[PDB]
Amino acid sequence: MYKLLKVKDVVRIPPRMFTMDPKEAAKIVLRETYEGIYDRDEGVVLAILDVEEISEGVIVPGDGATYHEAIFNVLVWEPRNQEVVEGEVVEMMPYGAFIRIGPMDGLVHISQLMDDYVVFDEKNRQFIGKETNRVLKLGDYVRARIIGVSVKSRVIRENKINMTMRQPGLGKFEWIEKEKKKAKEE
């Protein structure tokens, strides 16, 4: 769920950057400020793309910085509830699988893999369904639906995404293709 935001803000350009073109300078200050955070309303802040406009610089007594108002474009990404997503399995654990979807990972628990009885096979590091011999392993590609999101901190790592593949049209791509009109061979 990528988004493009257009934002207006007030930037402080420090004295040490006075030889720099204002827009260039503002762009840097805005990157140091905003990139690398999870914004609770907007999501992962991936990039300050550019500065469209920058106002005339204002100077305040007691400070050699110049203050401007700027308008810029921001790339963000958000995990939305019930959103359909696609990704790669990047970690196997006994309780489930992390899927890259992809600036963050999404957890699919072992009970939310497939409409089957599923056990973890430690020897080969993979899930196998009892009746349907469907196998999920590291590096497999899937479609899933986000089922829960925990947005706590400004730090990405600490935020949590939970998903399912236990619905029609979800799962490993191989499963989905065999679910399809090979199961409408009517």
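Residue numbers run from 1 along the displayed sequence.
Going by the mean C-alpha B-factor recorded in the entry, which is higher: 117-125 or 37-45? The deposited B-factors put 117-125 ahead on the C-alpha mean.
Higher average CA B factor in the deposited record is what I'm after, so tell me if that's 143-151 or 127-135. Per the deposited B-factors, the answer is 127-135.
Residue selected from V89, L75, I101, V108 by maximal Cα B factor: Max CA B-factor in the entry, restricted to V89, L75, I101, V108: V108.
According to the Cα B-factor stored in this entry, which of the following is highest: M20, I176, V11, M165? Max CA B-factor in the entry, restricted to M20, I176, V11, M165: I176.
Ranked C-alpha temperature factor of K181 among modelled chain residues, by third: As the PDB entry reports it, the C-alpha B-factor of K181 lands in the highest third of its chain.
Ranking the modelled residues of this chain by C-alpha B-factor as given in the entry, is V84 in the lowest, middle or highest third? For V84, whose C-alpha B-factor we compare with every modelled residue in the chain, the answer is the lowest third.
Lowest, middle or highest third: which one holds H68 when the chain's residues are ordered by CA B-factor from the entry? Tercile = middle for this residue's CA B-factor.
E56, C-alpha B-factor rank within chain (lowest, middle or highest third): Highest third - that is where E56 ends up once the chain's C-alpha B-factors are sorted.
Please rank the C-alpha B-factors of the chain's modelled residues and tell me whether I156 sits in the lowest, middle or highest third. It belongs to the highest third of the chain when residues are ordered by C-alpha B-factor.
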